[PDB]
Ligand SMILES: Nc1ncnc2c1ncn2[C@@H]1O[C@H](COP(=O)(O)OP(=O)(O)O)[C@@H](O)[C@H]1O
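Below, in structure tokens: the form solved without this ligand, a single chain.
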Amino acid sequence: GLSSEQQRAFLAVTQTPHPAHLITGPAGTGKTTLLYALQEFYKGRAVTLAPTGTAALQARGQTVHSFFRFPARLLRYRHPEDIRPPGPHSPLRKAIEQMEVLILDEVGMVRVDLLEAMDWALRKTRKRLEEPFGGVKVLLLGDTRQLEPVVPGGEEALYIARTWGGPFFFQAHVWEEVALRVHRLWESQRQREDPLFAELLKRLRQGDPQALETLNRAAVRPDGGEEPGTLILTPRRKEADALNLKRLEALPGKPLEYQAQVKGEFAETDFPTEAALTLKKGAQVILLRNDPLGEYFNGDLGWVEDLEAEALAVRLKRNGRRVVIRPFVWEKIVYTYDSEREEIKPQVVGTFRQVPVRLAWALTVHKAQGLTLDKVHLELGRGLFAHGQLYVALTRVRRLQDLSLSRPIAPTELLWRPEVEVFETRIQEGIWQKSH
């Protein structure tokens, strides 16, 4: 039950021995219906992975980290302390040895070291060190147009620059050894539901600032954040925190504070949520960790239902289920540079223990990537600052009428990294071979 476009991609991927494929498109329904058909074709022979918990959920798969048991830190190139193959008699080894196809959804969000670690882990475990991905056929799916992968400052950023030249999946060295066949999906739900919105988005993908004129005329409405059912997006945390604080204080009900515990060196600017987190019953929240039991994910929206000492209950918007949340621990890692070898080494220097909850009447655009929302209002504040940030903000909703802006978007806020545009122009051909 695929469209003509989807069937062409389906056949191009399944009826060839070629082992490396990229199916790209502004992908929601349509990518997803194709993914499920690929999963049905392959059923036993394919493992589906994704870089984030919410993408893994939508892909009916698991996170890359949870499948390969990678640590939550920089994965140094083919490094035996970071990339460890499974034991001699483990179920993971059996699954990797018997794997025929790896489906990787939302590939645009996969940082280069993660893709390279998948390559090495598959090669080592399968004892096929001369073949990309150990001979596994890889099907990459997703839009090439996203926020850039997270790259912390300091020696980690320098390592990524020195080793790969940048953080994007197409900067992995594995592509120097295998050609990536490219299959485009052009159709989209938005082209049927809001042709104008889709046309504007296409021009903004192409970096045309003139499309901002029509977007601003259609969507600038400063009071749009005061309307019911409207999630507010901000570029920066300070303004989202202020909005969330105002809503929390107006909400009737008794507050309860959750106090984080910090050990060692952990600067407040790195805290993954508030150290003094005040909640009320009915508060709109977002969960900040993936449940190992798969009942909730980082990015799940919900409402507070129960508030108790070191434990709360959240009613999820996604499925209406109740989940019980308790504190999690995040680690602060610093890399020290050796200065006689290349040799940077990670060191955990602090920990932060807190319930994995953040208020969510307002979210950053960065936090909202990967969420599909009903109605959004972009409070621009001091302005958009990152590659793809405007595009991600606009595409959280289905129709242009579901969006409003606090002020006109300026041309300085339409940002695409040039090295990403270069890659895009090169995958127009239908096959791509990385140099060197």
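The term rigid core refers to the maximal set of C-alpha atoms that superpose within 1.5 Å between the two forms. Heads up: residue numbers just count along the shown sequence, starting at 1.
Same protein, other form: the form deposited with this ligand bound, not shown, and the subject of what follows.
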Handout entry: Pose source in the deposited complex; superposed partner this ligand; site open or blocked by backbone or C-beta within 2.4 Å
Key = blocked
Problem - Sole residue of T32, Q39, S66, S406 within 4.5 Å of this ligand in the deposited complex, by heavy atom - result: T32
Fill in the blank from the handout: As a check of understanding, the residue in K238, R192, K127, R341 with any heavy atom within 4.5 Å of this ligand in the deposited complex should be identified as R192
Practice task
Report yes if all three of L2, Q58 and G370 come within 4.5 Å of this ligand in the deposited complex by some heavy atom, otherwise no.
Solution key: yes
Problem - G381, heavy atom within 4.5 angstroms of this ligand in the deposited complex - result: no
Problem - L400: touches this ligand in the deposited complex, heavy atom cutoff 4.5 angstroms - result: no
Practice task
Report whether the minimum heavy atom distance between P26 and this ligand in the deposited complex is within 4.5 Å.
Solution key: yes
Exercise for the section: Within 4.5 Å of this ligand in the deposited complex, counting heavy atoms only, one of 157-165, 182-190, 303-311, 84-92 shows up; tell me which. Expected result: 182-190
Exercise for the section: Using the arrangement in the deposited complex, list in sequence order the residues of 142-181 with any heavy atom within 4.5 angstroms of this ligand. Expected result: none
Exercise for the section: With the two forms aligned on their rigid core, point out which item of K345, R78, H173, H366 shifts its C-alpha by 2 Å or more between the shown form and the other one. Expected result: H366
Handout entry: Large Cα shift (2 Å or above) at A240 between the shown form and the other one, core-fitted
Key = yes
Problem - Rigid-core frame, C-alpha of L301, shift of 2 angstroms or more between the shown form and the other one - result: yes
Practice task
Verify the C-alpha shift of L316 between the shown form and the other one: is it 2 Å or more after superposing the core?
Solution key: yes
Handout entry: CA-CA separation of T351 and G370, closer or farther in the deposited complex than in the form shown [shift of 3 angstroms or more]
Key = farther
